[PDB]
>>> print(open('protein22.pdb').read())   # PDB, C-alpha atoms
ATOM      1  CA  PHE A 397      23.183  56.586  35.622
ATOM      2  CA  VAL A 398      24.928  58.309  38.544
ATOM      3  CA  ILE A 399      26.668  56.836  41.594
ATOM      4  CA  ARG A 400      29.354  57.938  44.042
ATOM      5  CA  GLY A 401      33.069  57.600  43.432
ATOM      6  CA  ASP A 402      33.698  54.646  45.733
ATOM      7  CA  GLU A 403      30.874  52.793  43.953
ATOM      8  CA  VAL A 404      32.549  53.203  40.552
ATOM      9  CA  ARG A 405      34.410  49.935  41.104
ATOM     10  CA  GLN A 406      31.100  48.205  41.843
ATOM     11  CA  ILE A 407      30.186  48.690  38.175
ATOM     12  CA  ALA A 408      32.302  45.864  36.759
ATOM     13  CA  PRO A 409      31.723  42.327  35.464
ATOM     14  CA  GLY A 410      30.902  40.030  38.356
ATOM     15  CA  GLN A 411      31.358  42.747  40.967
ATOM     16  CA  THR A 412      29.523  42.700  44.293
ATOM     17  CA  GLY A 413      28.216  45.339  46.688
ATOM     18  CA  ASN A 414      25.004  47.268  47.131
ATOM     19  CA  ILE A 415      25.135  48.852  43.671
ATOM     20  CA  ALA A 416      26.151  45.652  41.898
ATOM     21  CA  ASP A 417      23.693  43.514  43.865
ATOM     22  CA  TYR A 418      20.570  45.706  43.951
ATOM     23  CA  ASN A 419      21.023  48.495  41.373
ATOM     24  CA  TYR A 420      22.993  47.433  38.283
ATOM     25  CA  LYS A 421      24.680  44.067  37.707
ATOM     26  CA  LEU A 422      26.889  43.160  34.773
ATOM     27  CA  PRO A 423      27.030  39.622  33.350
ATOM     28  CA  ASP A 424      30.124  37.511  33.861
ATOM     29  CA  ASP A 425      30.737  37.539  30.086
ATOM     30  CA  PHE A 426      30.108  41.267  29.706
ATOM     31  CA  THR A 427      31.480  42.548  26.397
ATOM     32  CA  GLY A 428      31.607  46.321  26.570
ATOM     33  CA  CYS A 429      33.073  49.404  28.187
ATOM     34  CA  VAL A 430      32.389  51.431  31.323
ATOM     35  CA  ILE A 431      33.162  55.164  31.270
ATOM     36  CA  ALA A 432      32.736  57.083  34.520
ATOM     37  CA  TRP A 433      33.504  60.739  35.139
ATOM     38  CA  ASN A 434      33.118  62.904  38.222
ATOM     39  CA  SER A 435      30.063  65.166  38.016
ATOM     40  CA  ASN A 436      30.657  67.198  41.172
ATOM     41  CA  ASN A 437      30.027  70.395  39.184
ATOM     42  CA  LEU A 438      26.647  69.148  37.897
ATOM     43  CA  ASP A 439      25.153  66.621  40.347
ATOM     44  CA  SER A 440      26.051  68.255  43.687
ATOM     45  CA  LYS A 441      24.516  71.291  45.388
ATOM     46  CA  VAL A 442      25.210  73.108  48.634
ATOM     47  CA  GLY A 443      22.881  71.518  51.164
ATOM     48  CA  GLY A 444      22.782  68.162  49.375
ATOM     49  CA  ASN A 445      21.378  67.149  45.988
TER      50      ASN A 445
ATOM     51  CA  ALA B 941      52.106 -19.696  39.736
ATOM     52  CA  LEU B 942      49.461 -17.117  38.807
ATOM     53  CA  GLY B 943      51.868 -14.183  38.664
ATOM     54  CA  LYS B 944      50.802 -13.032  35.205
ATOM     55  CA  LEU B 945      47.076 -12.760  35.985
ATOM     56  CA  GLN B 946      47.522 -11.361  39.478
ATOM     57  CA  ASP B 947      49.789  -8.668  38.051
ATOM     58  CA  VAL B 948      47.098  -7.713  35.532
ATOM     59  CA  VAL B 949      44.415  -7.453  38.207
ATOM     60  CA  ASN B 950      46.722  -5.489  40.502
ATOM     61  CA  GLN B 951      47.670  -3.101  37.701
ATOM     62  CA  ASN B 952      44.030  -2.381  36.889
ATOM     63  CA  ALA B 953      43.194  -1.853  40.560
ATOM     64  CA  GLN B 954      46.200   0.436  40.970
ATOM     65  CA  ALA B 955      45.180   2.464  37.926
ATOM     66  CA  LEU B 956      41.664   2.947  39.277
ATOM     67  CA  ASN B 957      42.894   3.835  42.764
ATOM     68  CA  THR B 958      45.353   6.396  41.417
ATOM     69  CA  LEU B 959      42.645   7.883  39.210
ATOM     70  CA  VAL B 960      40.234   8.221  42.131
ATOM     71  CA  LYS B 961      42.891   9.612  44.462
ATOM     72  CA  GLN B 962      43.782  12.288  41.920
ATOM     73  CA  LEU B 963      40.469  13.975  42.752
ATOM     74  CA  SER B 964      41.845  15.198  46.091
ATOM     75  CA  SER B 965      44.898  17.053  44.739
ATOM     76  CA  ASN B 966      44.790  20.842  44.829
ATOM     77  CA  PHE B 967      46.327  21.209  41.350
ATOM     78  CA  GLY B 968      47.209  24.732  42.459
ATOM     79  CA  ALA B 969      43.666  25.551  43.547
ATOM     80  CA  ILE B 970      42.924  26.830  47.035
ATOM     81  CA  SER B 971      41.074  23.577  47.743
ATOM     82  CA  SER B 972      40.373  20.198  46.178
ATOM     83  CA  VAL B 973      36.647  20.315  47.037
ATOM     84  CA  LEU B 974      34.592  22.079  44.386
ATOM     85  CA  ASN B 975      31.790  23.189  46.713
ATOM     86  CA  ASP B 976      34.304  24.808  49.057
ATOM     87  CA  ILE B 977      35.701  26.809  46.140
ATOM     88  CA  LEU B 978      32.208  27.884  45.108
ATOM     89  CA  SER B 979      31.244  28.954  48.625
ATOM     90  CA  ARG B 980      34.434  30.677  49.761
ATOM     91  CA  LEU B 981      35.165  32.796  46.679
ATOM     92  CA  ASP B 982      33.082  35.000  44.426
ATOM     93  CA  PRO B 983      31.950  33.596  41.063
ATOM     94  CA  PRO B 984      34.491  35.623  39.062
ATOM     95  CA  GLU B 985      37.253  34.397  41.363
ATOM     96  CA  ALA B 986      35.839  30.882  41.685
ATOM     97  CA  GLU B 987      35.930  30.458  37.911
ATOM     98  CA  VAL B 988      39.734  30.587  37.804
ATOM     99  CA  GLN B 989      40.144  27.974  40.528
TER     100      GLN B 989
END
>>> encode(input="protein22.pdb", output="structure tokens")
Amino acid sequence: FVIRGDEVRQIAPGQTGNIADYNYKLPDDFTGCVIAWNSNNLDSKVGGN
Amino acid sequence: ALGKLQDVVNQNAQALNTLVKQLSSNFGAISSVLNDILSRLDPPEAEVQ
């Protein structure tokens, strides 16, 4: 999926916030990896994407 | 005259009282009341306490 930079932290085991609470929540015993990379050159346009 | 039996009863009562009183010690936790820990902190944090 795609989020904003400040929301990257929200994608973590047991995290809170709008993204973690209403969009994508990880289990407390999550066993995996999270890889996030800025996509400002692909997911942003002049005038707002 | 009844020192031996009174000492036994007192020792048992003291053991039980100490055991019950132990419940209120923080043991390094922020609080000795479990519900307070659950309410005040997030689940990931509350688990450690």
>>> resolve_selection(input="protein22.pdb", expression="the PyMOL selection byres ((chain A and resi 430) around 12)", output="PyMOL selection string")
chain A and resi 397+404-409+422+426-429+431-433
>>> write_last_selection(input="protein22.pdb", atoms="C-alpha atoms", output="short mmCIF file (atom, residue, chain, number, x, y, z; two decimals), keeping the file's coordinate frame")
data_model
loop_
_atom_site.label_atom_id
_atom_site.label_comp_id
_atom_site.auth_asym_id
_atom_site.auth_seq_id
_atom_site.Cartn_x
_atom_site.Cartn_y
_atom_site.Cartn_z
CA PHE A 397 23.18 56.59 35.62
CA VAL A 404 32.55 53.20 40.55
CA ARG A 405 34.41 49.94 41.10
CA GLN A 406 31.10 48.20 41.84
CA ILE A 407 30.19 48.69 38.17
CA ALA A 408 32.30 45.86 36.76
CA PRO A 409 31.72 42.33 35.46
CA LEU A 422 26.89 43.16 34.77
CA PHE A 426 30.11 41.27 29.71
CA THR A 427 31.48 42.55 26.40
CA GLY A 428 31.61 46.32 26.57
CA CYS A 429 33.07 49.40 28.19
CA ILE A 431 33.16 55.16 31.27
CA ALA A 432 32.74 57.08 34.52
CA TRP A 433 33.50 60.74 35.14
#
>>> atom_distance(input="protein22.pdb", atom1="atom CA of residue 425 of chain A", atom2="atom CA of residue 984 of chain B")
9.9 Å
>>> resolve_selection(input="protein22.pdb", expression="the PyMOL selection byres ((chain A) within 9 of (chain B))", output="JSON, numbers by chain")
{"A": [409, 410, 411, 412, 424]}
>>> atom_distance(input="protein22.pdb", atom1="atom CA of residue 401 of chain A", atom2="atom CA of residue 414 of chain A")
13.6 Å
>>> atom_distance(input="protein22.pdb", atom1="atom CA of residue 420 of chain A", atom2="atom CA of residue 438 of chain A")
22.0 Å
>>> resolve_selection(input="protein22.pdb", expression="the PyMOL selection byres ((chain B and resi 989) around 10)", output="ChimeraX atom specification")
/B:966-972,974,977-978,981,983-988
>>> write_last_selection(input="protein22.pdb", atoms="C-alpha atoms", output="short mmCIF file (atom, residue, chain, number, x, y, z; two decimals), keeping the file's coordinate frame")
data_model
loop_
_atom_site.label_atom_id
_atom_site.label_comp_id
_atom_site.auth_asym_id
_atom_site.auth_seq_id
_atom_site.Cartn_x
_atom_site.Cartn_y
_atom_site.Cartn_z
CA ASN B 966 44.79 20.84 44.83
CA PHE B 967 46.33 21.21 41.35
CA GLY B 968 47.21 24.73 42.46
CA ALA B 969 43.67 25.55 43.55
CA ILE B 970 42.92 26.83 47.04
CA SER B 971 41.07 23.58 47.74
CA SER B 972 40.37 20.20 46.18
CA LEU B 974 34.59 22.08 44.39
CA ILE B 977 35.70 26.81 46.14
CA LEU B 978 32.21 27.88 45.11
CA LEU B 981 35.16 32.80 46.68
CA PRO B 983 31.95 33.60 41.06
CA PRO B 984 34.49 35.62 39.06
CA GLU B 985 37.25 34.40 41.36
CA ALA B 986 35.84 30.88 41.68
CA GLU B 987 35.93 30.46 37.91
CA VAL B 988 39.73 30.59 37.80
#
>>> axis_aligned_box(input="protein22.pdb", around="segment 945-951 of chain B", padding_each_side="8 Å", output="lines of an AutoDock Vina configuration file")
center_x = 47.1
center_y = -7.9
center_z = 38.0
size_x = 21.4
size_y = 25.7
size_z = 21.0
